[PDB]
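Just so you know, the sequences run in chain order A and B. The numbering of the first sequence is this note's numbering, which starts it at 1 and goes up by one. The numbering of the second sequence is this note's numbering, which starts it at 1 and goes up by one. See structure below.
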Amino acid sequence: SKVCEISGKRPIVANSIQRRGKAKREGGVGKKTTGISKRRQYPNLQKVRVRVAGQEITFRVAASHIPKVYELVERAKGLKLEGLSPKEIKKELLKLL
Amino acid sequence: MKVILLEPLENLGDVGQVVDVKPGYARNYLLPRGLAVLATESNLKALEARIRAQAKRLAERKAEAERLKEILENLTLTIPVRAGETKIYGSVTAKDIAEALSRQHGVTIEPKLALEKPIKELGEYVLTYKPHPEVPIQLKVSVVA
RNA sequence: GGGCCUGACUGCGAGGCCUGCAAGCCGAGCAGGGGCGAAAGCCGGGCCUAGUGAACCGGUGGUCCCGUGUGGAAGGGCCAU
RNA sequence: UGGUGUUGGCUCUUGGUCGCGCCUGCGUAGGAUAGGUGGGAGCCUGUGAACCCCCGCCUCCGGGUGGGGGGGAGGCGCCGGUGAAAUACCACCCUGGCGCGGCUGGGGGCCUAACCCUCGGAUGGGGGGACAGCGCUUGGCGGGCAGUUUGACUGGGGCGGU
RNA sequence: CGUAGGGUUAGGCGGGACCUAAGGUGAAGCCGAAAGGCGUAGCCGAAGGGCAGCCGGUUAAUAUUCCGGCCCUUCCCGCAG
RNA sequence: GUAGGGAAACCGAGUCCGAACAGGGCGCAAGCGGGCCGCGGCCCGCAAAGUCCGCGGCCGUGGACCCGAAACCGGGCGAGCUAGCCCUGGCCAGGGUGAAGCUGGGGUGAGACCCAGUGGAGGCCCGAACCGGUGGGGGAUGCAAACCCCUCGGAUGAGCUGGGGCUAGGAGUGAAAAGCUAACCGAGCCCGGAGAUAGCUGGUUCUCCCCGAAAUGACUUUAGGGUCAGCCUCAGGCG
RNA sequence: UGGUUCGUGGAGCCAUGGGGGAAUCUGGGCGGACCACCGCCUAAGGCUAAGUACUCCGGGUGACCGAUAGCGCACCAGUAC
RNA sequence: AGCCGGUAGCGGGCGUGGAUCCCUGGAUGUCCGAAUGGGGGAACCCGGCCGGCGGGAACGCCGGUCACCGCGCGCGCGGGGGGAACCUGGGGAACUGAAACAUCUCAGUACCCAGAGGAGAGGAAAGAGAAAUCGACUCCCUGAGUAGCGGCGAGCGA
Numbered sequence: 001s002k003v004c005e006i007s008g009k010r011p012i013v014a015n016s017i018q019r020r021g022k023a024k025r026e027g028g029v030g031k032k033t034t035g036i037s038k039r040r041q042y043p044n045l046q047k048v049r050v051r052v053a054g055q056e057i058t059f060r061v062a063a064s065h066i067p068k069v070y071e072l073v074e075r076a077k078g079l080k081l082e083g084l085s086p087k088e089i090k091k092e093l094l095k096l097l
Numbered sequence: 001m002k003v004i005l006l007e008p009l010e011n012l013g014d015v016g017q018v019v020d021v022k023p024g025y026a027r028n029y030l031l032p033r034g035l036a037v038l039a040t041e042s043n044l045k046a047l048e049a050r051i052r053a054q055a056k057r058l059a060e061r062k063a064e065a066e067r068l069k070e071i072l073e074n075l076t077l078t079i080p081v082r083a084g085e086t087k088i089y090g091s092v093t094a095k096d097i098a099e100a101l102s103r104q105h106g107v108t109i110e111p112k113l114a115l116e117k118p119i120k121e122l123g124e125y126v127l128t129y130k131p132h133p134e135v136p137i138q139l140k141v142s143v144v145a
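Right, dumping it as structure tokens:
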């Protein structure tokens, strides 16, 4: 999944470490790493679809920022919208950040 | 989370009330359909602005009232009609009392006033004004020749 | 074969065997505290030569040695296993 | 594949719990069935007495208790008796349960409005529907693929043996 | 083969100012750490469709191209119907 | 460098183990003078701990004496060869066999079906172009890094072919041979990581002088390699 | 998960893909788990010369080479092929 | 005081009324190339609009102008590509070392990508860490192969 349109959050590379053994803290002999490998962790992207100035504009956003969409909209009331193109509304919106 | 309801809403609350819901409800039902609004600092205020303003507008309403409580219940009113013993040669609808109180010590309010029909006999009367809810003014009135 | 007993000691260890290293083996004697003996004395497992496993990493007991500004604590060290 | 995010509404039936409402608690003794520890010398009646009948629930079978009905100025405790504990009554908490509701965990159905699909049309309709899809995490299956291992001696190597 | 000089003439032949094929590219739009991958429309893409020239003469070397004869195509202005 | 011992607290010419003021481990002692002076007071020189630089021998880390892999990984370049598919065109002399259908006739209640005529089907037959490549001979520093003569297979089909296109490296394509993917494919080429690594093979360049081994033992994923020991050599010391 | 010397370790600190989710100085983070003291610092906005690196380019100098050397190229070379 | 490149020669010119040559500025600057009107097999092909040329309507030539994207209020301003190394960021191997190998190592190296610029990054403490201390960042020496890290192996290393 791409990048969150609000937070700029974007996939990161991170290791999948596989271990074996009983931990030291559990009186065991220690942990042995039986494999490391590269993976990615994704932002939890989703779709927010809001009506703004009587127009359907949709964000692709991470869950950790869904309400940020809704804060924008509310802020956006005092903005000179209409009868913009959906694209330029969205543009104008993000500018509020 | 928290929302300010714009309308009355079944098992949530009266308009203007602030209730706490699951965000899914809010975002996919309440907010779209102008039923409620998010409880943000920015319209948590508009709650109280509406409140304060409501309180003060009622305050003056119980002010220019308290004028019309001391200035009224503190005079009289004759009526210059004629009278052949009992029952009136003209007749006073509250519209008269309207313009009538608006005549002598004159004075002016806006009827309503308790004259379900107009005054057909003569004598000693005291008519129920009520300019504003929970503020009674009894008012002395005489019908004379 | 029997009597009592726990030396199948704890500190050590002059000097040697053997030996590339690392190990392996023998050990008299001084001290602590004992056993058996009247005593001289003998006893630091087994008539002897096989019955074993270096480090690392962990477990338990003790020790109270370090303890991340300080008091602790976490965790380690040392002794035992 | 479980959990959680995206993910929401409404009922139904069960679980956990917490707010009260209530009734439940059975050795000997002791009037009787004493759940525990405080307040207790008085309580109850026009917030109309013992008795009388019907029922509900309890039963350790003698009782308990809710109400209903007629009666309507009449009945219980400190003392006493008793036992480990003593008494009405005012509490508070149990024990156990029934009902209310908060908050939720299982389910069952239904809804639509997220998501998804579809429709000469669409700030819309029809279908799927909080599933599926996707994010993080859990455990599993996993030569589909990847990195490697697969000892030495040895009258050659292997086999056997060591 | 070396040095030199000459030689390739088109409205009609072939291709372009026409069309579309696979594919390619690609307003819209989707997607992807970046690079970039997709994508109805359009556009690109021919040895496919479309489209008006035949016979002879001439040069050391060109000719459906130059010349000769006969015959056409399109665009422009005009006139008339 | 001037202090060590101890795991450490610490202590310190000592310290650790220990109850020890036994025993033991690891440490601690400084030069050579000659003289002045009323035995070293302590000068003075000479030498030295140590250390700094130069030099040389060797060792560590780097490609580390030089040359050489089979391979691995990254990024690119290739389907003008070849394999498959897509688009659009083209090609296949001649001959032979004679399916279904039809038409006529025979047949039956009507049919089946039979007979002729017609008809012109087919991964049909013969055989050129074309596509193959069976067997043999030749060719073998070739005409040719796959050829030539003779002979042979398909030849209306799952045929052959021009043009335009697409699919590629753990990937393509494959009527399947691990075949083909630009004359060597059990993983293309090129460039880079890169001087990969090579306990293996080869090679190691002037002169004289002195000495002069080993091919054993222990252990070793060791066994044609190593560590230590044995044996060689040089310097200092002992005698 | 990554960064750090830190390979799960007693694992803080810094960064953050997921879930939960505050406060505005009597607030917050840190001093290597945690706690208590004592201290340090003020996160979630940004800009900031110089000292530093390199060498296509110019110049200066070599116990640098001297046409098999030195750049691959002293020459019409990234050419011929 | 010579000169018309490396070049002589044919055949012609210029220069102390200061030429050639060098420096600076300016003019010209075909076609391709980020390539940008559109198309395209780079240096070819084809157009719209405005102005000029020709007898000039058809034809052709000349001059201007016309891509896309990001910002601002149709108009402006920016971007695009390139650059030996050097820099930051987003990704990121393996040979090899461990005398085998998987954790480890080689290494955040090679390389790919994006961006920056004459540098770049960093940069005014939610720092350091034990001093009643220090006081941005970078960079050098030292600290120090110390502290530690580590199949406590190889090795890594503040």
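Where a beta carbon is used, it is the ideal one built from N, C-alpha and C, also for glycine.
Contact set between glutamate 5 of chain A and chain B, taken where Cβ atoms lie within less than 9 Å: For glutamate 5 of chain A, no chain B residue has a C-beta closer than 9 Å to its own C-beta; the minimum C-beta separation is roughly 17 Å.
Closest by C-alpha distance to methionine 1 of chain B, when choosing among B:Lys140, B:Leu31, B:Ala94: Put simply, of B:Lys140, B:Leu31, B:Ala94 the residue whose alpha carbon is nearest the alpha carbon of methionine 1 of chain B is B:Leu31.
Expressed to the nearest angstrom, what Euclidean distance is found between the alpha-carbon atoms of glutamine 18 of chain A and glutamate 26 of chain A? Near 18 Å, if we compare the C-alpha coordinates of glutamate 26 of chain A and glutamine 18 of chain A.
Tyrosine 70 of chain A: contacting residues in chain B (beta-carbon distance under 8 Å): Contact note: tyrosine 70 of chain A reaches chain B through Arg27, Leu31, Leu38, using a C-beta cutoff of 8 Å and chain order.
Tell me, please, whether the region 1-10 of chain B touches the region 34-41 of chain B by the rule of three or more beta-carbon pairs shorter than 8 Å. These segments touch.
Which residue comes first and which comes last in the alpha helix (DSSP H) that contains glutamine 54 of chain B? Note, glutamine 54 of chain B: alpha helix (DSSP H), 41-61.
Among the candidates A:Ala53, A:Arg39, A:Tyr70, A:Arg20, whose CA atom is the shortest distance from the CA of residue 162 of chain B? This structure does not reach residue 162 of chain B, given that chain B is present from 1 up to 145, and the question cannot be answered.
Cβ atoms of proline 43 of chain A and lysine 9 of chain A: under 8 Å apart, would you say? Yes.
Proximity winner among B:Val15, B:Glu99, B:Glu70, B:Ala145, relative to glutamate 124 of chain B (alpha-carbon distances): When each option's Cα is compared against that of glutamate 124 of chain B, the closest is B:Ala145.
Where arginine 33 of chain B sits in the DSSP three-state scheme: For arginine 33 of chain B, the secondary structure class from DSSP, reduced to helix, strand or coil, is coil.
Please compile the residues from chain B whose C-beta is within a distance smaller than 9 Å of the C-beta of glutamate 74 of chain A. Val37, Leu38, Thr40, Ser42, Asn43, listed in chain order.
If you drop the 5 nearest sequence neighbours on each side, which residues of the same chain put their C-beta closer than 8 Å to that of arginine 39 of chain A? Scanning its chain for C-beta atoms nearer than 8 Å, with the 5 sequence neighbours on each side dropped, one finds around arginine 39 of chain A the residues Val13, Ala14, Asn15, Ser16, in chain order.
Applying the criterion that 16 or more other CB atoms from any shown protein chain within 10 Å of the CB defines a buried residue, is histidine 105 of chain B buried or exposed? A residue is called buried once 16 or more other Cβ atoms fall within 10 Å of its Cβ, and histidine 105 of chain B, having fewer, is exposed.
Short of 6 Å in beta carbon distance, which residues of its chain neighbour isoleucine 6 of chain A, apart from the five on each side in sequence? Order them along the chain. Excluding sequence neighbours, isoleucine 6 of chain A sits near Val61, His65, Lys68.
Can you tell me where the alpha helix (DSSP H) holding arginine 27 of chain B begins and where it ends? Following the DSSP letters along the chain, one finds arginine 27 of chain B in no alpha helix (DSSP H), marked with neither H nor E.
Roughly how many whole angstroms lie between the Cα atoms of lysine 22 of chain B and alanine 59 of chain B? Taking the straight line joining both Cα atoms gives about 38 Å.
Could you give the C-beta distance for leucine 77 of chain B and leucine 101 of chain B, rounded to a whole number, given that I count them as a contact under 8 Å? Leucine 77 of chain B to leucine 101 of chain B, Cβ: 6 Å. Contact.
Strictly by DSSP, which residues pair up with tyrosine 125 of chain B? Residue pairing from DSSP places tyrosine 125 of chain B in a beta bridge opposite B:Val141.
Can you tell me which of B:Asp14, B:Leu127, B:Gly13, B:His132 puts its alpha carbon nearest to the alpha carbon of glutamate 73 of chain B? For the residues B:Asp14, B:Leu127, B:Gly13, B:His132, the minimum Cα distance to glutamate 73 of chain B belongs to B:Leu127.
Return the residue from the list B:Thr40, B:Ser142, B:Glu64, B:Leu47 that minimises the CA-CA distance to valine 135 of chain B. Taking the Cα of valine 135 of chain B as reference, the smallest distance to any Cα among B:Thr40, B:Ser142, B:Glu64, B:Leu47 is reached at B:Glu64.
Tell me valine 3 of chain B's beta-bridge partners as DSSP assigns them. Beta-bridge partners assigned by DSSP to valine 3 of chain B: B:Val19, B:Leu38.
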